[PDB]
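# Quick one, what's the 3D model for this:
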Amino acid sequence: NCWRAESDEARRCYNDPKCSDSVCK
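Numbers count the residues shown, from 1 in each chain. Pasting the structure now:
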C-alpha cells in the first residue's frame with residue numbers, strides 16, 4: 001500500500017497524479 005520512506009522519488013512523485021499514493025513516514 002504505502003511506498004518506501006527512503007526513496008527520493010517519493011517526494012517528487014508526491015506532486016503527481018500518477019503517484020498520489022501515500023509513502024509510509
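# Can you tell me how far the residue nearest to the spatial centre of the chain is from residue 1?
The residue lying closest to the centre of the chain (Cα atoms, centre = their mean) is residue 10, at 3.2 Å. From residue 10 over to residue 1 the distance is 13 Å, taken as Cβ to Cβ, to the nearest Å. (Each C-beta comes from the backbone N, C-alpha and C, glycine too.)
# Now do the phi/psi pair for the residue nearest to the centre of the chain.
Per-residue torsions, residue 10: phi -60, psi -20 (degrees, to the nearest 10).
# Over to residue 15?
Backbone torsions of residue 15, given as degrees, to the nearest 10, read phi -100, psi 40.
# Just give the number of residues close to it.
If you count neighbours by other Cβ atoms under 10 Å, residue 15 ends up with 8.
# show me the contacts for the residue nearest to residue 3 when sequence neighbours are not counted.
In space, and not counting its chain neighbours, residue 3 is closest to residue 23: 3.9 Å by Cβ to Cβ, 6 or more residues apart in numbering. For residue 23, the contacting residues are 2, 3, 4, 5, 7, 10, 14, by Cβ atoms under 8 Å, 6 or more residues apart in numbering.
# I figured residue 25 hits residue 5, correct?
Yes - counting by Cβ atoms under 8 Å, residue 5 is a contact partner of residue 25 at 5.7 Å.
# higher neighbour count, these two?
residue 5 (9 against 6).
# what's near enough to touch that one?
Contacts of residue 5 by Cβ under 8 Å, 6+ apart are 23, 24, 25.
# any chance of those in TSV, plus secondary structure?
What follows is the contacts of residue 5, written out as TSV (DSSP: H, G, I helix; E, B strand; the rest coil):
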residue	secondary structure
23	coil
24	coil
25	coil
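# one step back: my read: the residue nearest to the centre of the chain touches residue 16, true?
No - at 10.8 Å, residue 10 does not count as touching residue 16 under the criterion of Cβ under 8 Å.
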